[PDB]
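Single chain ahead, written as structure tokens, the form deposited in one PDB entry.
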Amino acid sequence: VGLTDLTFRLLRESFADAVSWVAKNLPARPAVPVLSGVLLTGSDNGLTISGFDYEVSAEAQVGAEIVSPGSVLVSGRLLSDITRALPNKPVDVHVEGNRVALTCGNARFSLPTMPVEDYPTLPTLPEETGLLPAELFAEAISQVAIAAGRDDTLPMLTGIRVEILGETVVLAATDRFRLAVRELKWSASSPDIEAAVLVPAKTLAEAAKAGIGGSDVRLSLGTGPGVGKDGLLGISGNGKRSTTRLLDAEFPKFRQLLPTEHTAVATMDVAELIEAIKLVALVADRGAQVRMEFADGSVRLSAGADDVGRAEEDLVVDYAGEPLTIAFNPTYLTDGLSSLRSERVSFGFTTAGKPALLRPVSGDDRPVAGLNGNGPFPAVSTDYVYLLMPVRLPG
């Protein structure tokens, strides 16, 4: 259907990219068989590939000499496999009605065709709500996404919380053992904009790589009194764009959970501390736990087991407060430590049954008021925080 049949000439380099970006979303085995197709559409002077699985929906637009408009549905994985395995010659697509003739050099393909009238019109895309640099959005989404619950038996934990307080945005995710919070400055579209939504975590992290080009990605939730309404979020920028259906769940109150002051405060090198963790945990005890003895200007981490496999390492910590001994799940620990994206790290303990607080450290800012070992230290502002619960094992 359409009247004519689609035919075009794309550069392959460009065809292959556009196609993979669309299959990287909506993977899996879609529920209704049709949804496994992608949709190519020639018009104006550009081609648009489109995918849709009812939750997410991607769509790329590449510049291609179309020598005849139309649209066709063709199996999506097959197109992606072929597009990546082809030479680097220009590729000649041409619908011979019911079959797609694909040609690139002396390679010739005859793919079957899916009924382009069972494809259910991918969503529209709410009105722009603001924008921010693409590389910064990526960094910010990775930092927060680690702490998101990967388990499907329970959503809510599976989302990133996006809160907009016009001009600043804050990202937060949590699996119940970690909290990652990122604070951000974007260019809003209505400087009095003010809502908060919950978007599925992977859908969002995936779209943080369609932000390499664009050098400026744009969130589209809605504008004004209808930012919530319109049950979805839209990431656009460069040639790519996507929508993900928002998550209808309430998310931990969460500012309540942060420390106001810390009884102890440490500061060692991230590099060294990671290596030291990956090493003592080899004997870990099914990987369960690593422990940190904090004293004077040194910390001794140590795991050990049912063989009593015992390992320990000592490194120098710029410490302040009374000797403290705390235990962490070693993965949660290194996850947080990778994310700080910094040279060195700063721990903030209340007691040893209460969340440690990791945040980054670049240059000797503070210290400053870190001499008075005998009593509470200030929280101190920061744009990235990782809150890590301490761990317990049974006998």
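Residue numbers run from 1 along the displayed sequence. In this text, the rigid core denotes the largest set of C-alpha atoms whose superposition between the two forms falls within 1.5 Å.
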property	result
Per the entry, higher mean C-alpha B factor between 95-103 and 185-193	185-193
349-357 or 25-33, whichever carries the higher mean Cα B-factor	25-33
Options 293, 250, 128, 312 - largest CA temperature factor per the record	250
Criterion, highest CA B-factor; candidates, 75, 88, 83, 289	88
Chain-relative CA temperature factor third for residue 69	middle
Among modelled residues of the same chain, the CA temperature factor third for residue 371	highest
Chain-relative CA temperature factor third for residue 175	lowest
Ranked against its chain, the third holding the CA B-factor of residue 1	highest
Third of the chain's Cα B-factor distribution that residue 215 belongs to, per the entry	highest
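One more form of this protein exists, namely the form deposited in another entry; it is left out here, but the text below deals with it.
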| property | result |
| --- | --- |
| Position with Cα shift of 2 Å or more, rigid core superposed between this form and the one not shown, options 183, 261, 230, 163 | 230 |
| Rigid core superposition, residue 209 Cα moves 2 angstroms or more between this form and the one not shown | yes |
| Shift of residue 117 between this form and the one not shown at or above 2 Å (CA, core fit) | no |
| Threshold 2 Å Cα movement between this form and the one not shown for residue 149, core superposed | yes |
| Closer or farther in that other deposited form, the Cα atoms of residue 218 and residue 156, when the shift from this form is 3 Å or more | farther |
| Direction of the Cα shift between residue 198 and residue 30 in that other deposited form, where the change is 3 Å or more | farther |
